[PDB]
Amino acid sequence: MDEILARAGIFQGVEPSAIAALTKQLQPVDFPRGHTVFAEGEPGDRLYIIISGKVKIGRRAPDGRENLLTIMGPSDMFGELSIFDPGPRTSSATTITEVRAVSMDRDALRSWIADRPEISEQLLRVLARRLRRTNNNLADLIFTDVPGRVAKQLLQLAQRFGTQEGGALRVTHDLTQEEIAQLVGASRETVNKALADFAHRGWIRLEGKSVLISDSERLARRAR
Amino acid sequence: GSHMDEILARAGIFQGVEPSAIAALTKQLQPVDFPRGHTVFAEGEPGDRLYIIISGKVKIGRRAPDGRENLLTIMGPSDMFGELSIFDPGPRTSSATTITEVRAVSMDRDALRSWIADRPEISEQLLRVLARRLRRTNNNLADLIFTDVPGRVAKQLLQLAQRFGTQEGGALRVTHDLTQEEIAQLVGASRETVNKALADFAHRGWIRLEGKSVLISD
Ligand SMILES: [Cl-]
Ligand SMILES: [Cl-]
């Protein structure tokens, strides 16, 4: 749908009607759940914009441990780093649900800027937003304890994916227990320990691949 | 000014930018002075201005449960701070406070927009710069996650040495004009953790304190 796409960084509230003959300049791509869109260290000159579904963005250490940098969703762009800075992928992108996306290569993207510097503005916004988040995560890593980081990641997930459910916030993250801990960037044992405490205190309820946050207030205080 | 121009042109935002174009922007920026101990901006305040330091040092902090501030990093000559605000304006997510007298230049988003309006080729180069930087800082984040707790603080202190140190016999010499109370004020809420990492470095032969200058292995 073009409604999702017009919320995408690149073309975000620009053309009233002729936003369309450019979306058609991209053929769509459907991926099953658990599909490796691209792997660490592969060449690439393709960026993707998600129409629906989620994609986890990951790094793997020498000894097989995994970290998740971010979870991408509808309207989010990924694989953009090798577009602007040619070279191999430094991250893996893996589908966590069935995903509909749309795809574009560097030369095509370069073509859609030579008319339109406002698009470049929007892409620089996205990169700077991501730079800020990584810097905010770096600060959390050194100076916030694991439960505070669990609390922060749950609230960050809620900011992107949450929906109100009465006096509570439903956050359908589509992540496994292990993937939540990889996203936090801390041990499964200590992340599960924090989640249990927060559930016991009645701040959250863990339900499949969704969490219900009943007390965003006390959760936020803990993330401080 | 000769030497000033050189310092400015080393800023990260100018990487791969044609030198006359760098000069066309900087000639437009008003150099300013800050005294030591001056909060250039606080966490939370409206953000739309990038600074490039010509001389002096600026600490970057974030408020801790203490009411004191944790030390996130230190910026020096040729470094930027507040730079992300001109690409993605909004509240500051950290504070910037001078640790010495400082001379800097700044630019707001309007100055950026004007610079690029005439120079469409700079947008593509800026996209490369921000992307290369994001790859690097994500690489750093992941490395640090994969490191143990005390190893994280040591790596960060070593990154500061690399940025502020002069190469001297395979080691890094960092000189400062900071009192004992000014060092404690600098580290802020991070004092205990920084002190443990220094004590470890000292015990292990990594650091030689030569008064107001330190030699550190790299
Ligand atoms: Cl990429
Ligand atoms: Cl900022």
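These residue numbers are counts, starting from 1, taken along the chain as shown.
So this one's X-ray crystallography, 2.0 Å, going by the header.
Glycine is no exception: its Cβ is also placed from the backbone N, Cα and C atoms.
Listed in Swiss-Prot:
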DNA_BIND  B:180-199  DNA-binding region
BINDING   B:67-73, B:82-85, B:92-93, B:137-138  3',5'-cyclic AMP 1 binding site
BINDING   B:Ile145, B:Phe146, B:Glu181, B:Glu182, B:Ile183, B:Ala184, B:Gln185, B:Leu186, B:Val187, B:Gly188, B:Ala189, B:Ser190, B:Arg191  3',5'-cyclic AMP 2 binding site
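Record features, source the PDB entry:
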SEQADV    B:1-3  expression tag
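Here the features listed in Swiss-Prot are painted onto the structure.
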{"residue": "B:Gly67", "record": "3',5'-cyclic AMP 1 binding site", "DSSP (3 states)": "coil"}
{"residue": "B:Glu83", "record": "3',5'-cyclic AMP 1 binding site", "DSSP (3 states)": "helix"}
{"residue": "B:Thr93", "record": "3',5'-cyclic AMP 1 binding site", "DSSP (3 states)": "coil"}
{"residue": "B:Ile145", "record": "3',5'-cyclic AMP 2 binding site", "DSSP (3 states)": "helix"}
{"residue": "B:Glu181", "record": "3',5'-cyclic AMP 2 binding site", "DSSP (3 states)": "helix"}
{"residue": "B:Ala189", "record": "3',5'-cyclic AMP 2 binding site", "DSSP (3 states)": "coil"}
(message) Using Cβ atoms only, which residues of the same chain lie under 8 Å from B:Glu83 (3',5'-cyclic AMP 1 binding site) while being at least 6 residues apart in sequence?
(response) B:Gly12, B:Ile13, B:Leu50, B:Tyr51
(request) Between B:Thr73 (3',5'-cyclic AMP 1 binding site) and B:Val187 (3',5'-cyclic AMP 2 binding site), find the distance joining the two CA atoms and give it rounded to the nearest Å. (result) 10
(message) Short of 8 angstroms on C-beta distance to chain A, which of the listed binding-site residues (B:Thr73, B:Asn138, B:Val187, B:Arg191) are there?
(response) B:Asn138
(message) Checking the spread of the 3',5'-cyclic AMP 2 site as listed (B:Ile145, B:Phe146, B:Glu181, B:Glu182, B:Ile183, B:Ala184, B:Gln185, B:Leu186, B:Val187, B:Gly188, B:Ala189, B:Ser190, B:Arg191): what is the longest Cα-Cα distance, in whole Å?
(response) 34
(message) Looking at the binding-site residues listed here (B:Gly67, B:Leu71, B:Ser85, B:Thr93, B:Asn138), whose Cα lies nearest to that of B:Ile183 (3',5'-cyclic AMP 2 binding site)?
(response) B:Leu71
(message) I'd like to know which of the binding-site residues listed (B:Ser85, B:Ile145, B:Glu181, B:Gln185, B:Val187) lie near ligand 2, counting only a CB under 6 Å away.
(response) B:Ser85
(request) Output, ordered by sequence, the same-chain residues six or more apart from B:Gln185 (3',5'-cyclic AMP 2 binding site) with a CB under 8 Å from its CB, or 'none'. (result) none
(request) Reduce the DSSP letter at B:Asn138 (3',5'-cyclic AMP 1 binding site) to three states and note it down. (result) helix
